[PDB]
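Protein chains: 2
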Amino acid sequence: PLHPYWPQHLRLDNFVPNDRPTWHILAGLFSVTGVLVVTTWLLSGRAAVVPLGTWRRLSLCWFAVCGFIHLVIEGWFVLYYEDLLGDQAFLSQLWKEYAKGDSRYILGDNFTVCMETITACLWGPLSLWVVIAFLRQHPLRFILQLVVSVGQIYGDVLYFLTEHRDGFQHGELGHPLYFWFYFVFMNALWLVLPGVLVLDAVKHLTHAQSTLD
Amino acid sequence: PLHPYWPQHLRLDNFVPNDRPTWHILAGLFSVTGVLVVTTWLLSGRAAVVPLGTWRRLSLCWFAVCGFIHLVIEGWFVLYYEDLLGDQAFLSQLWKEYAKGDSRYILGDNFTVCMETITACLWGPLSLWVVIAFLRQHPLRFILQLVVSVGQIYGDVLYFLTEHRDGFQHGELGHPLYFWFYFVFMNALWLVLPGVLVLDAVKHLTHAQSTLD
Ligand SMILES: CN1C(=O)N(c2ccc(C(F)(F)F)cc2)C(=O)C12CCN(CC1CCOCC1)CC2
Ligand SMILES: CN1C(=O)N(c2ccc(C(F)(F)F)cc2)C(=O)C12CCN(CC1CCOCC1)CC2
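The structure is reproduced here in structure tokens:
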């Protein structure tokens, strides 16, 4: 009615629609991610102590991206979820757009705020320590890769179950953009890749423990 | 009024007070924990491939205790939280007693049910695998100790934050038994010991990675 979010009966007063077009936000976000991924490729080649494999340099790109997303994008929510509706700022309009796939991000849901606080505070800084560790070949490098990836999967599984328990009321089911892209896909990225990185860290640490015997 | 839980205005109909005295439940639980800890001490001494240190055998006692609690006690909640009020089974009277420090366990809270579901399904069976692994000196033994310990702390931190965000409405503040013992202490056990076990697993795995170089 006055707003696009779900369920439709919510009385979300103080809401003001996005001032910018939606493509400035998604074009702008794509650039900063692009700059980061390419420069991570440059920084991996130059500043590494040993020649990293191609899939290893890509792995540092993933951790560099996650570090920025948790620290800056999700950090903004944890600070300003109280006044996110009706705010004219780049990150505020990103969340107003994203929250159409899950209205819990505008309502300041108790679980969502607490989960995001841990993600922004821990897995942001630790994602940067994984990147630094692999360049210098520090012994903690595979242990940190495990601790961050396990921490992300646990938060992501709780995210999907708690919504399923409510019955997906915070977003129209089966919608192409708001459901299958915003809710299913980009949340499932932190469910599948990280699972591949858990299997990798286990393999190298299992061999590390076997050689010590 | 008709019930002892908080906040006092809740209309918790279909509630029937505990049929047994409270001390049968606490005495009964103490015994099974006692039997488990002592037999873990016996099983550690006999069936270990190498002579374990004293603190290592105690560590297997902790994991054996955790495995039983998650699988059997918290498994019961995940199955029967729908009709926990008014039930007469032994474990139902345990939760009716425990839920006086946090009424979310009788209300079937969305976060609590989903957190407990993961606690019972994964962190119970993994706790048993830590115990088996250390007896046989399998290379995964310290990796599982790290994996098991990390998410228990993650679940515990989320448990305490979400209650703080609500303002501790689900239990009277400052009460000696219901607050400081049920809510603060026994939940803080999974906050502090597991943190000591994380530092232990890191210490042995950091050395494992250093020797492989
Ligand atoms: C609001 N978001 C957001 O805009 N992107 C996003 C989308 C596209 C790009 C790209 F391609 F342009 F670069 C970059 C970032 C996200 O990933 C989230 C939504 C999903 N969450 C994942 C959390 C992880 C912890 O568990 C809970 C779920 C993070 C923030
Ligand atoms: C209902 N409970 C319960 O009765 N005991 C309990 C109390 C005394 C004994 C003892 F001493 F007699 F042996 C044994 C067990 C618990 O520990 C919990 C309450 C605390 N939770 C901890 C979870 C962990 C995951 O994060 C969230 C918190 C587990 C169940």
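Quick mapping for you: the protein sequence lines, in order, are chains A and B.
Read in order, the letters of the first sequence correspond to residues 10 to 222 in the numbering used here.
Read in order, the letters of the second sequence correspond to residues 10 to 222 in the numbering used here.
For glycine and all other residues, C-beta sits at the position ideal for the given N, C-alpha and C.
With distance defined between alpha-carbon atoms, name the residue in A/132, A/205, A/178, A/102 nearest to residue 32 of chain A. Residue numbering aside, residue 32 of chain A sits at position 23 when the first sequence is read from its first letter. The option with the nearest alpha carbon to residue 32 of chain A is A/102.
Name the chain A residues whose beta carbon is nearer than 8 Å to that of residue 174 of chain B? Here the question's residue 174 of chain B lines up with position 165 in the second sequence. The answer, in chain order, is 119, 122, 123.
Using beta carbons (cut-off 8 Å, strictly below), is residue 180 of chain A in contact with chain B? The residue labelled residue 180 of chain A in the question sits at position 171 within the first sequence. Residue 180 of chain A does not count as touching chain B.
Can you tell me the Cβ-Cβ gap for residue 83 of chain B and residue 129 of chain B, rounded? I've got them flagged as a contact below 8 Å. Here residue 83 of chain B refers to the residue found at position 74 of the second sequence. Here residue 129 of chain B refers to the residue found at position 120 of the second sequence. The pair is a contact, with the Cβ atoms about 5 Å apart (cut-off 8 Å).
Could you list the residues in the stretch 30–63 of chain A with a C-beta less than 7 Å from some C-beta on chain B, going in chain order? none
Neighbour-count burial assignment, residue 53 of chain B, 16 or more Cβ in a 10 Å radius: In the second sequence, counting from the first residue as 1, residue 53 of chain B sits at position 44. When all chains shown are included, residue 53 of chain B counts as buried.
Does the distance from the C-beta atom of residue 161 of chain B to that of residue 138 of chain B stay below 8 Å? In the second sequence, counting from the first residue as 1, residue 161 of chain B sits at position 152. In the second sequence, counting from the first residue as 1, residue 138 of chain B sits at position 129. It is not a contact, given that the beta carbons lie outside the stated cut-off.
Cβ of residue 178 of chain A within 8 Å of Cβ of residue 15 of chain A? Numbered from 1 along the first sequence, position 169 holds the residue referred to as residue 178 of chain A. Numbered from 1 along the first sequence, position 6 holds the residue referred to as residue 15 of chain A. Yes. Within cutoff.
Determine the DSSP secondary structure at residue 97 of chain B, reduced to helix, strand or coil. For this step, residue 97 of chain B is matched to residue 88 along the second sequence. Reduced to three states, the DSSP call for residue 97 of chain B is coil.
Could you tell me the distance, in whole angstroms, from the CA atom of residue 110 of chain B to the CA atom of residue 116 of chain A? Taking the second sequence and counting its residues from 1, one reaches residue 110 of chain B at position 101. Taking the first sequence and counting its residues from 1, one reaches residue 116 of chain A at position 107. Residue 110 of chain B and residue 116 of chain A: Cα-Cα distance of roughly 27 Å.
Can we say the stretch 93–100 of chain B touches the stretch 60–74 of chain B, given the rule of at least three CB pairs closer than 8 Å? no
Beta-carbon within less than 6 Å of residue 149 of chain B's beta-carbon, same chain only, minus the 5 sequence neighbours each way: which residues are those? Mapped onto the second sequence, residue 149 of chain B falls at position 140. Excluding residues within five positions, the ones whose Cβ falls inside 6 Å are 142.
Show which residues of chain B have a CB atom less than 8 Å away from the CB atom of residue 19 of chain A. Residue 19 of chain A sits at position 10 when you count from the first residue of the first sequence. Neighbours of residue 19 of chain A on chain B: none; closest Cβ ~18 Å, over 8 Å.
Since residue 112 of chain B meets chain A, which of its residues come closer than 9 Å, beta carbon to beta carbon? Taking the second sequence and counting its residues from 1, one reaches residue 112 of chain B at position 103. Within 9 Å Cβ-Cβ: nothing; residue 112 of chain B doesn't reach chain A, min ~15 Å.
Nearest-angstrom Cα distance between residue 203 of chain B and residue 26 of chain B? Within the second sequence, numbered from 1, the residue matching residue 203 of chain B stands at position 194. Within the second sequence, numbered from 1, the residue matching residue 26 of chain B stands at position 17. About 35 Å.
Residue 79 of chain A, buried or exposed, once every other Cβ within 10 Å from all chains shown has been counted against 16: The count along the first sequence starts at 1 and reaches residue 79 of chain A at position 70. The residue is buried, with at least 16 neighbouring Cβ atoms inside 10 Å.
Going along chain B, which residues have a C-beta under 7 Å from residue 163 of chain A? In the first sequence, counting from the first residue as 1, residue 163 of chain A sits at position 154. 160, 163, listed in chain order.
Of the residues that make up the stretch 61–93 of chain A, which ones have a beta carbon closer than 9 Å to any beta carbon in chain B? none
Neighbourhood of residue 124 of chain B by C-beta distance below 8 Å, restricted to the same chain and skipping five residues each side: Taking the first residue of the second sequence as position 1, residue 124 of chain B is located at position 115. So the list reads 164, 167, 168, once near-sequence residues are dropped.
What I want to know is whether the C-beta of residue 189 of chain A ends up closer than 7 Å to one or more non-hydrogen atoms of ligand 1. The sequence position of residue 189 of chain A within the first sequence is 180, counting from 1. The answer is no for residue 189 of chain A.
Measure the CB-CB distance between residue 99 of chain A and residue 183 of chain A and report whether it falls below 8 Å. Along the first sequence, read from residue 1 onward, the residue named residue 99 of chain A stands at position 90. Along the first sequence, read from residue 1 onward, the residue named residue 183 of chain A stands at position 174. No, Cβ-Cβ distance for residue 99 of chain A and residue 183 of chain A is not below 8 Å.
Runs of alpha helix (DSSP H) wholly within the stretch 10–71 of chain A (minimum 4 residues, chain order): 31–56
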